[PDB]
Structures are given as C-alpha cells and as structure tokens.
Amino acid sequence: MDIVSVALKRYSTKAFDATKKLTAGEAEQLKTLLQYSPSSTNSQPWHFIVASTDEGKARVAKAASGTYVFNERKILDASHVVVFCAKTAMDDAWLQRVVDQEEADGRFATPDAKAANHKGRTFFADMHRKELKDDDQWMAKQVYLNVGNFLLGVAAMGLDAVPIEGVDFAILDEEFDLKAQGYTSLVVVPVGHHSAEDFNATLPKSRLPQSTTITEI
C-alpha cells in the first residue's frame, strides 16, 4: 500500500461538499478505526461522539460560534463529525473493564496471565493517578494518538477530514453532558469529501526540513 502517497495527498480540508455522504460501509469502517487504535497498556481511555444527523452536527457546531466561526461551517457541512473525548480520571472500574475485555477476547491462557496483565497496567495507571497526578494528561495523549491514527486512516479510505481544536470545548462538554459522564472533549474531526471551492486541496504541503527536526544516530 502506498501510504506515503496517502500522507502527501491528505490535507486539512477547508470546505466540505454538504451533499456528499459516507456510504454505510465507510461509516462502519470509520467506527472500526476509532475502536482499534492502540493506546498505552490498551487502556482505551476514550469516548467518541459520531454526529451524522443535521441536529447532531448543529449541537457540535454550537461550540464553534463567535470566535471559532471559521470552523463552524466545516462541522455543519461534513458527512460525519467525530468528537474525540478523554476520560477525566483513570478509575478502578475502567481498569477492570479493560482487562475483563481482554479475557473475553481470549488473550489470557490462565488466571495468572490475566493477573500479570492487570498488575502491569495498574502499575502504569498508579504512576499517573497516584504519583504524578497527571492521569488526565496521560489519557488525553492517548486520545491524540487515536486522532493521528484516524486522520491517516480516513485519508487511506479516500475521505477528506480536518482536525479541529478551534472550538470552545467547555461549551461542547456542557452540550453533551460529558463531565457528569466522566469525559472531556479534546478534538473535533469532520469527515467527508471536500467541495469544489476548497483550493487547499492543491496547495503545496509545507513542513520544516528534516535537517531541523530529525537527528540520525
């Protein structure tokens, strides 16, 4: 697969064609990509809101009013809009949920194997939630890893997307009652097909030279 060509062709969509929708199969693949991203210890400390109705997208778009109005149209016009959310705390129940799911999927040959996995994950989680008091940051980082996986994955599907931090995430959290549910919103990714007006699709891609960013040893 020519993934480098995918990486060089994908770009941050500036306008979506509001008439072009994902197929049913594409929508399923989108959710599979969200689900199957890796994460530290397979902790999966995340929730996703996938908005595909006009009202659902309008609820997300409420967070882009005023200061962030330049991002509001992207949210309204795309086919499917993903709100990436992190857990606000790594609680005991979630750690148990993850390891129980690994058992349900047949990853452990014995109780001892499950216990070793649980102990190892709990060690890392405790380092963050007890020692460093940064489990919120640790989990948010895993969500961003998922975003990076997602942007390349949808590009490889032939879909356009744009990662969006330019919204009011406090408004978004309130609109979707996220804090009470144990989550906080971090990134919005509209997905679809760019419009004929979006000339960012052809503008040269710009990055700092490797002589600046890469040291080879």
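Sequential numbering from 1, following the sequence displayed.
Q: For the higher mean C-alpha B factor in the entry, choose 124 to 132 or 140 to 148.
A: 124 to 132 has the higher mean C-alpha B-factor.
Q: Mean CA B-factor: is it higher for 77 to 85 or for 105 to 113?
A: It is 105 to 113.
Q: When you compare the CA B-factors of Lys179, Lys31, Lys57, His47 as listed in the entry, which one comes out on top?
A: Going by the entry's C-alpha B-factors, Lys179 comes out highest.
Q: Based on the deposited C-alpha B factors for this chain, I'd like to know if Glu174 is in the lowest, middle or highest third.
A: Highest third.
Q: Lowest, middle or highest third: where is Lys21 by Cα B-factor in its chain?
A: Tercile = highest for this residue's CA B-factor.
Q: Quick check on the deposited entry: does the C-alpha B-factor of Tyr68 sit in the lowest, middle or highest third of its chain?
A: Ranked within chain, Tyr68 CA B lands in the highest tercile.
Q: Taking the C-alpha B-factors as the PDB entry records them, is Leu208 in the lowest, middle or highest third of its chain?
A: Its C-alpha B-factor, which the entry lists for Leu208, ranks in the lowest third among residues of this chain.
Q: Comparing against every modelled residue in the chain, figure out the third that the C-alpha B-factor of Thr53 lands in (lowest, middle or highest).
A: As the PDB entry reports it, the C-alpha B-factor of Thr53 lands in the middle third of its chain.
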